[PDB]
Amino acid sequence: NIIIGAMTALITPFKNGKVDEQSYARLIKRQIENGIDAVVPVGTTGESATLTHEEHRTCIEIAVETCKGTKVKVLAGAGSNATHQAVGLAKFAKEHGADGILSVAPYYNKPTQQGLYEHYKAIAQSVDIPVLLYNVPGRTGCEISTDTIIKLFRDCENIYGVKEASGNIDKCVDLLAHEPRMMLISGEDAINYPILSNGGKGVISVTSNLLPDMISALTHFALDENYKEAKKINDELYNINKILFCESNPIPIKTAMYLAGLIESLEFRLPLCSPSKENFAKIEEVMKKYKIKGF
(Lines of atoms letter the chains of each structure in order from A and count residues from 1; the text may use other names and numbers.)
(Lines give C-alpha, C1' and ligand atoms only; values in the text may rest on other atoms or scores of the structure.)
Protein backbone atom coordinates (compact mmCIF):
# COMPACT_ATOMS: atom_id res chain seq x y z
CA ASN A 1 0.00 0.00 0.00
CA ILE A 2 2.22 2.65 -1.46
CA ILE A 3 2.26 5.81 -3.52
CA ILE A 4 5.28 5.94 -5.83
CA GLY A 5 6.30 7.16 -9.29
CA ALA A 6 6.64 10.69 -10.55
CA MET A 7 5.05 13.16 -8.11
CA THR A 8 4.83 16.92 -7.88
CA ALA A 9 5.13 19.15 -4.79
CA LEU A 10 2.48 21.57 -6.03
CA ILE A 11 3.02 25.29 -5.78
CA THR A 12 0.15 27.21 -4.21
CA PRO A 13 -0.83 30.23 -6.39
CA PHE A 14 -2.14 33.36 -4.67
CA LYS A 15 -4.35 36.08 -6.10
CA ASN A 16 -4.99 39.26 -4.07
CA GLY A 17 -3.59 37.51 -1.02
CA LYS A 18 -5.93 34.48 -1.19
CA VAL A 19 -5.36 31.00 -2.61
CA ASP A 20 -6.36 31.13 -6.26
CA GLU A 21 -8.40 27.92 -6.23
CA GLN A 22 -9.23 27.98 -9.94
CA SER A 23 -5.54 28.30 -10.82
CA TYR A 24 -4.70 25.56 -8.33
CA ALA A 25 -7.09 23.12 -10.02
CA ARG A 26 -5.88 24.14 -13.47
CA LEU A 27 -2.25 23.50 -12.48
CA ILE A 28 -3.15 20.08 -11.14
CA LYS A 29 -4.94 19.17 -14.36
CA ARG A 30 -1.80 20.18 -16.24
CA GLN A 31 0.22 17.80 -14.04
CA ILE A 32 -2.24 14.96 -14.69
CA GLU A 33 -2.10 15.54 -18.47
CA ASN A 34 1.69 15.36 -18.49
CA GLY A 35 2.30 11.93 -17.03
CA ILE A 36 2.53 12.72 -13.31
CA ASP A 37 1.57 9.80 -11.04
CA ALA A 38 0.71 11.72 -7.86
CA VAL A 39 0.44 15.27 -6.60
CA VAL A 40 1.46 16.56 -3.16
CA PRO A 41 -0.72 19.52 -2.13
CA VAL A 42 0.76 21.83 0.52
CA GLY A 43 4.27 20.47 0.98
CA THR A 44 7.21 22.79 1.51
CA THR A 45 6.90 23.89 -2.11
CA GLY A 46 3.24 24.74 -1.57
CA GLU A 47 4.02 27.23 1.26
CA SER A 48 2.60 24.97 3.97
CA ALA A 49 3.99 27.31 6.62
CA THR A 50 1.94 30.35 5.62
CA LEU A 51 -1.42 28.79 4.72
CA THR A 52 -4.05 28.84 7.42
CA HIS A 53 -5.35 25.49 8.58
CA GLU A 54 -8.52 26.14 6.59
CA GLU A 55 -6.60 26.97 3.38
CA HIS A 56 -4.37 23.93 3.85
CA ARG A 57 -7.49 21.79 4.05
CA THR A 58 -9.06 23.48 1.00
CA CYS A 59 -5.97 22.78 -1.11
CA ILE A 60 -6.08 19.11 -0.11
CA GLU A 61 -9.75 19.00 -1.09
CA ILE A 62 -9.07 20.65 -4.46
CA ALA A 63 -6.33 18.10 -5.23
CA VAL A 64 -8.60 15.16 -4.26
CA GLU A 65 -11.47 16.47 -6.36
CA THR A 66 -9.29 17.21 -9.37
CA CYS A 67 -7.71 13.72 -9.39
CA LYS A 68 -11.00 11.77 -9.17
CA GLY A 69 -11.60 9.63 -12.25
CA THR A 70 -7.88 9.54 -13.03
CA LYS A 71 -4.98 7.32 -12.19
CA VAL A 72 -3.30 10.15 -10.30
CA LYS A 73 -3.01 9.86 -6.53
CA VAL A 74 -3.04 12.57 -3.89
CA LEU A 75 -0.24 12.31 -1.30
CA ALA A 76 -1.48 15.11 0.96
CA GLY A 77 0.97 17.30 2.83
CA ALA A 78 0.08 16.74 6.52
CA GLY A 79 3.26 17.54 8.48
CA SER A 80 3.49 19.68 11.57
CA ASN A 81 6.00 20.27 14.32
CA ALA A 82 3.18 19.70 16.84
CA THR A 83 2.13 16.02 16.90
CA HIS A 84 -1.49 16.86 17.75
CA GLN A 85 -1.71 19.00 14.59
CA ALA A 86 0.06 16.43 12.43
CA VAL A 87 -2.45 13.84 13.64
CA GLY A 88 -5.29 16.26 12.91
CA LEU A 89 -4.08 16.85 9.33
CA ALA A 90 -3.54 13.12 8.77
CA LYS A 91 -7.09 12.40 9.89
CA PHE A 92 -8.44 15.24 7.76
CA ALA A 93 -6.61 13.88 4.71
CA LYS A 94 -7.96 10.39 5.36
CA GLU A 95 -11.54 11.59 5.86
CA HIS A 96 -11.46 13.79 2.78
CA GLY A 97 -10.26 11.15 0.33
CA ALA A 98 -6.49 11.56 0.01
CA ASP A 99 -4.66 8.41 -1.10
CA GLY A 100 -1.87 8.93 1.48
CA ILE A 101 0.01 11.58 3.41
CA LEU A 102 3.43 13.18 3.38
CA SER A 103 4.59 14.19 6.82
CA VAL A 104 7.68 16.40 7.30
CA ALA A 105 9.89 15.88 10.33
CA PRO A 106 9.12 18.41 13.02
CA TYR A 107 10.80 21.71 12.40
CA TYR A 108 12.24 24.24 14.87
CA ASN A 109 11.66 22.15 18.03
CA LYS A 110 14.26 19.52 17.27
CA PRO A 111 12.73 16.37 18.73
CA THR A 112 15.04 13.49 19.65
CA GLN A 113 14.95 10.26 17.66
CA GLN A 114 12.71 8.81 20.36
CA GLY A 115 10.37 11.80 19.94
CA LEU A 116 10.38 11.44 16.15
CA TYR A 117 9.47 7.75 16.55
CA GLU A 118 6.58 8.64 18.88
CA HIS A 119 5.47 11.50 16.60
CA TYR A 120 5.27 9.30 13.56
CA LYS A 121 3.80 6.36 15.38
CA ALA A 122 0.96 8.61 16.58
CA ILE A 123 0.39 9.89 13.05
CA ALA A 124 0.46 6.40 11.49
CA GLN A 125 -1.83 4.93 14.13
CA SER A 126 -4.44 7.68 13.45
CA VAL A 127 -5.22 6.70 9.83
CA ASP A 128 -5.30 3.60 7.65
CA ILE A 129 -3.72 5.18 4.58
CA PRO A 130 -0.05 5.20 3.55
CA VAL A 131 2.31 7.56 5.32
CA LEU A 132 5.52 8.79 3.70
CA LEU A 133 8.08 10.29 6.05
CA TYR A 134 9.91 13.40 4.85
CA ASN A 135 13.45 14.28 5.96
CA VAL A 136 14.79 17.70 5.06
CA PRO A 137 17.29 18.63 7.79
CA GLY A 138 18.44 21.88 6.19
CA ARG A 139 14.92 23.22 6.78
CA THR A 140 13.81 21.41 9.95
CA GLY A 141 16.96 21.48 12.08
CA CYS A 142 16.65 17.76 12.75
CA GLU A 143 17.25 14.48 10.92
CA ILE A 144 15.23 11.28 10.98
CA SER A 145 18.12 8.83 11.29
CA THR A 146 18.31 5.74 9.11
CA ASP A 147 17.69 3.62 12.20
CA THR A 148 14.57 5.60 13.10
CA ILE A 149 13.22 5.46 9.54
CA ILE A 150 13.76 1.72 9.40
CA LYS A 151 12.18 1.17 12.83
CA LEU A 152 9.13 3.18 11.80
CA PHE A 153 8.84 1.32 8.51
CA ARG A 154 9.08 -2.06 10.23
CA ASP A 155 6.92 -1.20 13.25
CA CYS A 156 4.10 0.77 11.64
CA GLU A 157 2.14 -0.91 8.98
CA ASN A 158 1.29 2.15 6.99
CA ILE A 159 4.63 3.93 7.02
CA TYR A 160 5.99 2.89 3.64
CA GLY A 161 9.06 4.98 2.96
CA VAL A 162 10.71 8.37 3.07
CA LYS A 163 11.12 11.43 0.92
CA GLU A 164 14.81 12.33 1.35
CA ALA A 165 15.93 15.91 0.84
CA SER A 166 19.32 15.59 2.50
CA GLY A 167 22.01 15.53 -0.26
CA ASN A 168 23.27 12.28 1.26
CA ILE A 169 23.59 9.38 -1.21
CA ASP A 170 25.45 7.41 1.44
CA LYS A 171 22.27 7.49 3.54
CA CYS A 172 20.22 6.40 0.54
CA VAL A 173 22.47 3.36 0.18
CA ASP A 174 22.26 2.70 3.93
CA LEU A 175 18.45 2.84 3.88
CA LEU A 176 17.91 0.48 0.99
CA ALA A 177 20.76 -1.87 1.87
CA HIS A 178 19.30 -2.52 5.31
CA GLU A 179 15.59 -2.23 4.48
CA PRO A 180 15.10 -2.85 0.74
CA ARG A 181 11.32 -3.03 1.07
CA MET A 182 10.85 0.68 1.74
CA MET A 183 10.04 3.23 -0.91
CA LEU A 184 12.85 5.79 -1.00
CA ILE A 185 11.55 8.91 -2.76
CA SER A 186 13.83 11.64 -4.09
CA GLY A 187 13.09 15.06 -2.66
CA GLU A 188 16.04 16.69 -4.45
CA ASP A 189 15.54 17.09 -8.19
CA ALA A 190 19.21 17.34 -9.22
CA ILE A 191 19.86 13.86 -7.84
CA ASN A 192 16.61 12.18 -8.95
CA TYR A 193 18.44 9.73 -11.22
CA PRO A 194 21.09 8.61 -8.63
CA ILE A 195 18.36 7.94 -6.06
CA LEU A 196 16.18 6.06 -8.54
CA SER A 197 19.10 4.05 -9.93
CA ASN A 198 19.89 2.83 -6.42
CA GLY A 199 16.36 1.45 -6.13
CA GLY A 200 14.42 4.55 -5.14
CA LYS A 201 10.88 4.30 -6.41
CA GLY A 202 9.79 7.85 -7.14
CA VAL A 203 10.33 11.57 -6.84
CA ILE A 204 8.41 14.36 -5.16
CA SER A 205 9.60 17.09 -7.48
CA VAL A 206 9.84 20.87 -7.55
CA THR A 207 10.99 21.02 -11.18
CA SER A 208 7.97 18.99 -12.37
CA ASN A 209 5.77 22.00 -11.56
CA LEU A 210 7.42 23.59 -14.58
CA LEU A 211 8.49 20.52 -16.63
CA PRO A 212 6.17 17.71 -15.59
CA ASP A 213 6.61 15.72 -18.80
CA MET A 214 10.41 15.64 -18.44
CA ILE A 215 10.34 14.58 -14.78
CA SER A 216 7.64 12.00 -15.56
CA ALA A 217 9.75 10.50 -18.37
CA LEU A 218 12.90 10.49 -16.26
CA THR A 219 11.11 8.61 -13.49
CA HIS A 220 9.38 6.11 -15.72
CA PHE A 221 12.54 5.34 -17.67
CA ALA A 222 14.41 4.78 -14.41
CA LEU A 223 11.73 2.56 -12.90
CA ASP A 224 11.96 0.44 -16.08
CA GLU A 225 15.76 0.25 -15.66
CA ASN A 226 16.22 2.34 -18.82
CA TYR A 227 19.03 4.10 -17.02
CA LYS A 228 20.71 5.62 -20.08
CA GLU A 229 17.50 7.48 -20.95
CA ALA A 230 16.78 8.46 -17.34
CA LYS A 231 20.31 9.75 -16.83
CA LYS A 232 20.17 11.72 -20.08
CA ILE A 233 17.14 13.60 -18.80
CA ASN A 234 18.58 14.04 -15.32
CA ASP A 235 21.70 15.47 -16.92
CA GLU A 236 19.71 17.75 -19.17
CA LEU A 237 17.72 19.06 -16.27
CA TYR A 238 20.66 19.77 -14.00
CA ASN A 239 20.85 23.47 -14.92
CA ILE A 240 17.17 24.19 -14.26
CA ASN A 241 17.15 21.86 -11.25
CA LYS A 242 19.89 23.92 -9.65
CA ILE A 243 18.64 27.39 -10.66
CA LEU A 244 15.29 26.51 -9.03
CA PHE A 245 17.17 26.68 -5.72
CA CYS A 246 19.16 29.86 -6.35
CA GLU A 247 16.91 31.34 -3.64
CA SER A 248 14.82 29.36 -1.18
CA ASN A 249 12.26 27.09 -2.77
CA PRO A 250 9.55 27.91 -3.78
CA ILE A 251 10.75 31.43 -4.68
CA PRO A 252 12.44 30.36 -7.96
CA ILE A 253 9.80 27.84 -9.05
CA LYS A 254 6.97 30.35 -8.64
CA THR A 255 9.14 32.86 -10.50
CA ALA A 256 9.53 30.35 -13.35
CA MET A 257 5.83 29.49 -13.39
CA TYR A 258 5.05 33.19 -13.60
CA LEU A 259 7.62 33.76 -16.38
CA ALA A 260 6.06 30.81 -18.23
CA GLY A 261 2.57 32.35 -17.99
CA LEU A 262 1.33 29.44 -15.85
CA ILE A 263 0.36 31.61 -12.88
CA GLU A 264 -1.07 35.09 -13.14
CA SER A 265 0.82 36.85 -10.37
CA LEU A 266 4.25 36.42 -8.77
CA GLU A 267 2.76 36.47 -5.29
CA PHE A 268 4.03 34.85 -2.09
CA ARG A 269 2.98 35.06 1.52
CA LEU A 270 5.49 36.80 3.78
CA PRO A 271 8.11 36.02 4.84
CA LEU A 272 8.58 34.66 1.32
CA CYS A 273 8.87 37.32 -1.37
CA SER A 274 10.10 37.95 -4.93
CA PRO A 275 13.66 36.98 -5.87
CA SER A 276 16.29 39.63 -6.44
CA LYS A 277 16.23 41.20 -9.90
CA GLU A 278 19.49 39.42 -10.68
CA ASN A 279 18.11 36.02 -9.78
CA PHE A 280 14.90 36.73 -11.63
CA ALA A 281 17.00 37.27 -14.77
CA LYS A 282 19.09 34.12 -14.15
CA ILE A 283 15.96 32.01 -13.87
CA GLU A 284 14.55 33.56 -17.02
CA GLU A 285 17.80 32.81 -18.91
CA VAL A 286 18.05 29.17 -17.77
CA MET A 287 14.40 28.54 -18.77
CA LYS A 288 15.16 29.38 -22.40
CA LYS A 289 16.97 26.04 -22.76
CA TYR A 290 13.79 24.01 -21.95
CA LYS A 291 10.49 23.37 -23.73
CA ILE A 292 7.78 24.30 -21.19
CA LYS A 293 4.35 22.73 -21.71
CA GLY A 294 1.39 25.10 -21.59
CA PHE A 295 -2.13 24.26 -20.52
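Throughout, we count residues from 1 along the sequence that is shown.
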query: Between 240 to 248 and 259 to 267, which has the larger average Cα B-factor in the PDB entry?
result: 259 to 267
query: 67 to 75 versus 182 to 190: which one carries the higher mean Cα B factor per the record?
result: 67 to 75
- request: Would you mind checking which of 137, 97, 200, 115 has the top Cα temperature factor in the PDB entry?
  value: 97
message: If I read the C-alpha B-factors straight from the PDB entry, which of 82, 104, 129, 172 is highest?
response: 129
- request: Within this chain's modelled residues, let me know which third the CA B factor of residue 9 belongs to: lowest, middle or highest.
  value: middle
message: When the deposited Cα B-factors of this chain's modelled residues are ordered and cut into thirds, is residue 230 in the lowest, the middle or the highest one?
response: lowest
task: State the tercile, meaning the lowest, middle or highest third, of residue 158 with respect to the CA B-factors recorded for its chain.
output: highest
message: Can you tell me whether residue 176 has a C-alpha B-factor in the lowest, middle or highest third compared with the other modelled residues of the same chain?
response: lowest
task: Could you look up the Cα B-factor of residue 125 in the entry and say which third of the chain it sits in: lowest, middle or highest?
output: highest
